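Understanding the architecture of this molecule
For reference, the chains in residue letters:
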Amino acid sequence: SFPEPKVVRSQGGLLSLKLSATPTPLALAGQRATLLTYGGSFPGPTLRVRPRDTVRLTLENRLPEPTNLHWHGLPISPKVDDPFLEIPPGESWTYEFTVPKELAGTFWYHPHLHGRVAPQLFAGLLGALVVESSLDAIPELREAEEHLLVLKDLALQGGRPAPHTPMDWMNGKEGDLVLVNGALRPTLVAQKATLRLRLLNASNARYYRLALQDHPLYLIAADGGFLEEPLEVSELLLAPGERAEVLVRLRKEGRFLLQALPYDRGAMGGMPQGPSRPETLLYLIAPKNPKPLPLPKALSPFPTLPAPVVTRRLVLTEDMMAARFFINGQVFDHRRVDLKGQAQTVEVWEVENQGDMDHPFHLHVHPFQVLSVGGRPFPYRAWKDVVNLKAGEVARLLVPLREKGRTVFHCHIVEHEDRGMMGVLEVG
Ligand SMILES: [Cu+2]
Ligand SMILES: [Cu+2]
Ligand SMILES: [Cu+2]
Ligand SMILES: [Cu+2]
Ligand SMILES: [Cu+2]
């Protein structure tokens, strides 16, 4: 039985659910531990909705500390997905929103109490949200075997998620248990020859340079929607908070390694030197006499956007020795508004990494089209909400401003966000 979160689906246009955030004893990777969970599980339940559904999610805070919930990737109003809300211990809050028309893909939910994200997310508070689309009914997709792979690492101390050290605040915290759906090196015994894998990097800081032995991956969706047609890749880098959806065509019986290949993201300090080995994430067993489906020739059209009216430059910097991080020379201040834009305009954001470490840049509320990174034209058209920048790279993003209100942009190495790498955008 392949480990995968339980699914809660909308019905009759509504997903109404109470989720408790609570310390939960679990058995994990052959040991006993108490994690912080939504819905009593790690990961939390997958919420599956359709465009136009209403979601009404009551978060009950049964932690000893305040918390809140963020709907990562969902283009909903910041008046609902409010990064400044704090739910005190013992209290509840109801999030209510409508799923946008034409939205599709894998999204996720996690805590977002500013300055206090990294320990909550590391402790196990996360889960996926899938938006089903009409495109999922085409033969080439409908007949695939679908799985969600939540890629999230963990370290334990004293049977609880390990506390943050000073080095953790600088690099972001990685764990030694590199888990898939909360399991250590599970085996997926495929029953069908085409797999549709939804991939979520819900780690604090760990990157996953994914490859499947002997199989290309056919990328069909990025963070925030479908590509226009499948893109064959040999490997796929998922930075923290990124998602993707891929098709895998099992052409031959066998036992295949899905691995996270070595990737140097510019971490510094005390660490083993000498090269890193690939980390096996899962074993994939192909069925007898597999006959895969043909690929879809087309997926969904990417919209032509208006010409942009303004260009913004956001510069990321570091003070690695203080573990403080900055956008345009300042640390986040919840009282300050850094950027002001108009609703129903398009902007170009040039995000420039002037540090030594990779930084995966994220913008709430307003999905963007990546035009280029590092001067290189992006290989597909799809909505994204996280983009990785290596040292010295500039990413050029086309940002349609939709929903009014104040929201945030930040690095999704969540320790960096907590240590200052976040700013505030107001759309009016
Ligand atoms: Cu009914
Ligand atoms: Cu997020
Ligand atoms: Cu977000
Ligand atoms: Cu960062
Ligand atoms: Cu955020």
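Residues numbered from 1 in each chain as written, not as in the entry; some residues may be left out. Chains lettered and ligands numbered in written order. Heavy atoms only, no water.

On to the side chain of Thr345. Structurally, the position occupied by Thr345 is in strand β26 (residues 345-353). A distance of 2.6 Å separates a polar side-chain atom of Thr345 from the backbone oxygen of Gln342. Excluding residues within four positions of it along the chain, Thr345 makes contact with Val309, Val399, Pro400 and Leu401. (Helix = DSSP H or I, 4+ residues; strand = E, 2+ residues; numbered from the N terminus. Polar contact = N/O pair within 3.5 Å; in protein donor to acceptor, adjacent residues only side chain to side chain. Contact = heavy atoms within 4.5 Å.)

Once that is clear, we can look at the nonpolar core. Counting residues in each nonpolar core, the largest one holds 43 residues, and the members touching the most others are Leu149, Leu199, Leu236, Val246, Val248, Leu281 and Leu284. Ranked by the residues each element gives to this core, the list is headed by strand β17 (residues 217-222), at six residues. For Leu284, the residues in contact, after removing those within four places along its chain, are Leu188, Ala190, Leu195, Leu212, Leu250, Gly254, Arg255 and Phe256. (Core = buried A, V, L, I, M, F, W, Y, C linked by side-chain atoms within 4.5 Å. Buried < 20%, exposed > 50% of the residue type's maximum accessible area, 1.4 Å probe, protein only.)

Reading across the sheet, the six strands line up as β13-β10-β15-β20-β17-β18 and stay open at both edges, with mixed pairing between neighbours. Each edge of the sheet is formed by a strand with only one pairing partner; in this case those strands are β13 (177-180) and β18 (225-233). Within this sheet the neighbouring strands show an average axis-to-axis angle of 25°, counted without direction. (Pairing = 2+ DSSP bridges. Axes fitted to C-alpha atoms, helices over the stretch in contact; angles between N-to-C directions.)

Another point: the coordination of the copper ion (ligand 5). Summarising the metal site, the copper ion (ligand 5) is bound by the protein donors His112 (NE2), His364 (NE2) and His410 (NE2), whose distances to it range over 2.0 Å. All donors to the copper ion (ligand 5) come from one chain, and their sequence spacing reads H-x251-H-x45-H. In this structure, the copper ion (ligand 5) lies 5.0 Å from the copper ion (ligand 2). Placement of the pair is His364 in the loop between β27 (359-363) and β28 (369-373) and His410 in strand β32 (residues 405-411), with a sequence separation of 46 residues. In this pair, the class of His364 matches that of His410, namely buried. (Donors = N, O, S within 2.8 Å, 3.2 Å for Na, K, Ca; no water.)

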